[PDB]
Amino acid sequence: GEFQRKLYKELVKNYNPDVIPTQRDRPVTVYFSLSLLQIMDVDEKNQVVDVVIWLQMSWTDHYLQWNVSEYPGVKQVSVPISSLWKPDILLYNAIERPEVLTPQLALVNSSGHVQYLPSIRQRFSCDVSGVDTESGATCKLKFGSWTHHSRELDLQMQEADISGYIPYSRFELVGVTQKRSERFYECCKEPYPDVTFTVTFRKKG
């Protein structure tokens, strides 16, 4: 791509990926969603769950926009996430770092809309004593920004599915639910939005 190469040359000018791309008094809105793909194992003694999940993040970076008439054919581009601002979201339940299974790339369109969809292997903390009963075991997965409050980063959920769930795993799903919440912590005087996914599962036999 000749035009793509000219575009990347224009896009890098003055762009600093350590700065959140806010504007006037508008936050950056980040749409967040999840697909549970597989439950791999449960550690009943240490109260741990091992999963593969597919995170889905979307936002708008007003510094990454261009005139599509000026760069013809260049509808959307594939950029390594390392060279963009990325929201600093994390799973509060985790007891190990995430292992990232997908390429570390994001899609960007001409509006400056960004899409980043990492698939991750993750172990996390949960009371799983009921996993071998009819009613099963329920676990929470709280996600949110580490350093940014509502007025800087507006976290917003989108609807999940379980169409990706694996049929041949020895755990079946009894229920899922999701909820956006906004809260105060003692630390900080502003409010912090989180998105929490709840999964009830159990052993098949």
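Sequential numbering from 1, following the sequence displayed.
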Checklist entry - Given the B-factors recorded for C-alpha atoms, which segment has the greater mean, 128-136 or 98-106? => result 128-136
Checklist entry - What stretch has the higher average Cα B-factor here, 159-167 or 54-62? => result 159-167
Next on the checklist: Take the CA temperature factors straight from the PDB entry and tell me which of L34, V42, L141, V30 peaks.
Outcome noted: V42
Checklist outcome for this item: Chain thirds by Cα B factor, record data; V195 belongs to the lowest
Item to check | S69 - Cα temperature factor, lowest/middle/highest third of chain | outcome: middle
Checklist outcome for this item: Split the chain's modelled residues into thirds by Cα B-factor; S150 lands in the highest
